[PDB]
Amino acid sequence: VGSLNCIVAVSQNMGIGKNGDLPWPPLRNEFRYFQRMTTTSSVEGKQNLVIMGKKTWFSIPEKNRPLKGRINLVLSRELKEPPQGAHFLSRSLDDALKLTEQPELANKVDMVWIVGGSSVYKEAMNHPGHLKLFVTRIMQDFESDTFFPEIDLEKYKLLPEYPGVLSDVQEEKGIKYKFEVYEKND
C-alpha cells in the first residue's frame, strides 16, 4: 500500500459544497484532473483506494457510483453495511487505514486518496506520517454550506511544482483556478 493523499477543490472563502453539490458550475478539466489523479496507479496490477464521507458518496450521481477504476470506501457510523454499489465501509479514517493492511486490500491497493468531505479532511490532515494535499484553489467566492479546513502551514510545505501537475492558472466558464500540492513528513 502506497502514499496517503487528500484531494479537494476549494473556493476563496474555503467552500467545498452547497446543497449536496459543488458550489461552482461544473468545471470539466477540474473534474478530469480529479479523475486522473485518483485513478492513476504507479503499480501494475493494483488500483487506488478512494475514501469518502457518506454525504460525499451520495453527492456523486448514481451513474458514476462507485467511482470507476478505483476501490471505493465510505465512512459512516450509522450505516450497517456499505451502500448499494459500494463494497467497503468503515467507522473512522483510522479503521479504514487499518483495513488497508488486511489481505483483501493490501494486495490490491496502491495509493490512498481522501476525497472529502469536511470532517474526513480534518481527520486526515492531522493523521501522523507522510501526507500530501492536492488542493485546487478556485479563485472566486461561492456561496457554500460545507468548508475545507485551513491548512496548518507550520506542518506543511507548499511545493512549487509537482510532476504531472500544471502550475499555471487554469480557466473554464469564466472561473480561474490553480492546482497546488502541499506535503508534510510528520
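Note that residue numbering follows the sequence shown and begins at 1.
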*Quick one: say whether 30 to 38 or 56 to 64 has the higher mean Cα B-factor in the deposited entry.*
56 to 64
_47 to 55 or 148 to 156, whichever carries the higher mean Cα B-factor_ = 148 to 156
*C-alpha B factor of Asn72, ranked within the chain: lowest, middle or highest third?*
lowest
_Using only modelled residues of the chain, where does the Cα B factor of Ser167 rank: lowest third, middle third or highest third?_
lowest
*Relative to the other modelled residues in the chain, which third contains the C-alpha temperature factor of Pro82: lowest, middle or highest?*
middle
*When the modelled residues of the chain are sorted by Cα temperature factor, does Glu183 land in the lowest, middle or highest third?*
middle
*Which third, lowest, middle or highest, does the CA B-factor of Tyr121 fall in along this chain?*
middle
